[PDB]
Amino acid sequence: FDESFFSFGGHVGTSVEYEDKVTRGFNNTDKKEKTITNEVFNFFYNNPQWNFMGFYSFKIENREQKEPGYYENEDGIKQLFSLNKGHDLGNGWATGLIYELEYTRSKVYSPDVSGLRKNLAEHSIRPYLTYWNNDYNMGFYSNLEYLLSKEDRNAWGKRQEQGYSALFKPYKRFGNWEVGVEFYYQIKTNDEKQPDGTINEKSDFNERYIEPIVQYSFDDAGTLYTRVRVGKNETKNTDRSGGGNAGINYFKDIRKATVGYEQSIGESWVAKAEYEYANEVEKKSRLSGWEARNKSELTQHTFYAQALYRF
């Protein structure tokens, strides 16, 4: 018991993420955003004696937004707390529960506000079920999720999102290869109000995607991988939404491609680098009248690098 407290391994590390986004919106102009995320600490804790995994991350985030006649800068701190109590069921089966809390505090600067504060709390509860068949070298990861997101933007009001998701990812290993496909479905309700209670948004949302992944492990080196996502989502406003969005539906097509490489360096260090492309095209059921076109297109390039020390 006292001894079990000391039987942990895991990793400590750091990462940096750079995100370059351009959204050409319904007004047919470019909103350009650059975000840098500095993960000053991330801590993976693994106690096989408890069959318990924990994760903690501290991030500093800075975003700059630029578009015709407007700018916005946002600086934030994000902490993640994650607890995973697992359970070996034998014969290749396992189950467990994840409880995850992510808190973000940020300040926004623009020509119109100076240090407007935003507080975000997101809670994720995920029962999961895994299977691995050693004879076939095939298995799957699966989970359900309840997700609650609550954001207080002070003068800009409050927003709550609440819903569920399901994920199923079968995968197979053969030689140095591993191939998998992630299937994902999410539903949620959005509720956003101004401080006096005026409704900005009341809407129902759903998303689905399928994402194949291929990886190859080099005998004398690391693991190279690629993932490609094709998905869709929809946001359907009730008659109570504001801003001309009453009864309006948004439909989005999603395409992503990722390539990454991870390699161990000696016995303890592991480094990973990854590039992701994302292109998302949105249209409305009906334009309000101010729009220049029925199209809003996001193109995003993300660069990610991570260095971890295993123990």
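Residue positions are given as counts along the sequence shown, with the first one as 1.
As the entry records it, the average C-alpha temperature factor is higher for 217-225, out of 217-225 and 179-187.
Of the two stretches examined, 132-140 and 164-172, the record assigns the greater average C-alpha temperature factor to 132-140. Residue set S57, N279, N47, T258: peak C-alpha B-factor at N47 (per PDB entry).
Within the group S124, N206, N84, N154, the record's highest C-alpha temperature factor is found at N154.
The PDB entry assigns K193 a C-alpha temperature factor belonging to the highest third of its chain's modelled residues. In the deposited entry, the Cα temperature factor of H11 sits in the middle third of values across the chain's modelled residues. When all modelled residues of the chain are sorted by CA temperature factor, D253 is found within the lowest third. Annotation for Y71: C-alpha temperature factor in the highest third relative to the rest of the modelled chain, per the entry. In the PDB entry, a CA B factor belonging to the lowest third of its chain's modelled residues is recorded for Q300.
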